[PDB]
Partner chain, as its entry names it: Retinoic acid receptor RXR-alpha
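Single chain ahead, by itself, as structure tokens, in the form deposited without the partner chain.
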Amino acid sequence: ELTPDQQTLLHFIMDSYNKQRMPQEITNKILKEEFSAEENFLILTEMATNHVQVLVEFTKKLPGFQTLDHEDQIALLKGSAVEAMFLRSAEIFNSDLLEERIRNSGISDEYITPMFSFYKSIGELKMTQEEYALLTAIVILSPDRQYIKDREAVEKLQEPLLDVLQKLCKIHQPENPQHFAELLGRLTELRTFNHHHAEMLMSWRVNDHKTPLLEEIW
């Protein structure tokens, strides 16, 4: 069912979605480091710091994103970043040590409980990598973010991706005509989450340089 052009759109979304790569140093810390509230927080925030970078990269490569007005590009990424990070974080769980660090990191259950139920609801959907990648592009190119001067130009970028995802939900899950709707339902659900804690964190950058002090590069 995909067209050649639909195949190519999908191809370039997958290459840029892959190429995401979490340094082994970060993933090794999860098992090996001390478990204490401060170390746990610094490890989760270092991972999230890697995710923001990957997210911003992925956004800049999205098909047509660079064609948009520069002030609207800023506003689109500002509006979408929290929900896109939430979606990313789910992929990381779907790790038993990672959860125990999250549950003793000083972060309030106010924010941990909704996220963990969200992860379960995502695992139930049996999402392919192709489906994560498309849904991430879709949440990012949302034409209704605040502060967008030209909503129709963002609609033009989003709509081809919505078409491709819908065709993929038909092919891969013919017995479930409600698969596509249920994917979009997860994005609807993220918009209802409390974004305030994530917005407070979104500008912070945490990196472990545990290289001799004397040889460190600033």
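Rigid core (definition): largest C-alpha set, two forms, superposition within 1.5 Å. Residue numbers count along the first chain shown, from 1.
Peer 1: Counting only residues that lack coordinates, how big is the gap in the deposited sequence between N94 and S95? Pick none, 1 to 3, 4 to 9 or 10 or more.
Peer 2: Unresolved stretch here: 4 to 9 residues.
Peer 1: Pick one of none, 1 to 3, 4 to 9 or 10 or more for the number of deposited-sequence residues not modelled between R21 and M22.
Peer 2: Missing residues, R21 to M22: none.
Peer 1: On mean C-alpha B-factor from the PDB entry, just flag whether 124 to 132 or 104 to 112 is the higher one.
Peer 2: Averaged over C-alpha atoms, the B-factors run higher in 124 to 132.
Peer 1: Per the PDB record, is the mean Cα temperature factor higher over 31 to 39 or over 54 to 62?
Peer 2: Here the higher of the two C-alpha B-factor means belongs to 31 to 39.
Peer 1: Highest CA temperature factor in the entry: which of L161, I171, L68, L190?
Peer 2: Spelled out: the listed residue with the top C-alpha B-factor is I171.
Peer 1: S80's Cα B-factor: lowest, middle or highest third of the chain?
Peer 2: Its C-alpha B-factor belongs to the lowest third of this chain's values.
Peer 1: For the chain shown, is the CA B-factor of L165 in the lowest, middle or highest third of its modelled residues?
Peer 2: Middle third of the chain for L165's C-alpha B-factor.
Peer 1: Can you tell me which third, lowest, middle or highest, the CA B-factor of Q73 falls into for its chain?
Peer 2: Ranked within chain, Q73 CA B lands in the lowest tercile.
Peer 1: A48: which third of its chain by C-alpha temperature factor?
Peer 2: Lowest third - that is where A48 ends up once the chain's C-alpha B-factors are sorted.
Below, we refer to the form deposited with the partner chain bound, which is not included among the displayed structures.
Peer 1: Check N28 for me: does it contact the partner chain in the deposited complex (non-hydrogen atoms, 4.5 angstroms)?
Peer 2: It does not: once the partner chain is placed as it appears in the deposited complex, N28 has no heavy atom within 4.5 Å of it.
Peer 1: Even though the partner isn't displayed, in the deposited complex is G185 close enough to the partner chain, meaning a heavy atom within 4.5 Å?
Peer 2: Contact check for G185: yes, within 4.5 Å of the partner chain in the deposited complex.
Peer 1: Does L162 make contact with the partner chain in the deposited complex, using a 4.5 Å heavy atom cut-off?
Peer 2: Although the partner chain is absent here, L162 would touch it in the deposited complex, with heavy atoms inside 4.5 Å.
Peer 1: Is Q178 a contact residue for the partner chain in the deposited complex, using a 4.5 Å heavy atom cut-off?
Peer 2: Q178 belongs to the contact set for the partner chain.
Peer 1: Along 186 to 207, which positions have a non-hydrogen atom within 4.5 Å of the partner chain in the deposited complex?
Peer 2: Heavy-atom contacts within 4.5 Å come from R186, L187, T188, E189, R191, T192, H195.
Peer 1: Fit the core first: which of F193, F65, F58, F180 then shifts its CA by 2 Å or more between this form and the one not shown?
Peer 2: It is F193.
Peer 1: After superposing the rigid core, is the C-alpha displacement of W204 2 Å or more between this form and the one not shown?
Peer 2: True for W204: a C-alpha shift of 2 Å or more.
Peer 1: Based on a C-alpha change of 3 angstroms or more, tell me if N194 and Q158 lie closer or farther in the deposited complex than in the shown form.
Peer 2: Compared with the shown chain, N194-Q158 is closer in the deposited complex.
Peer 1: So the Cα-Cα distance between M202 and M47 shifts by 3 Å or more in the deposited complex; is it shorter or longer than what we see here?
Peer 2: Relative to this form, farther apart in the deposited complex.
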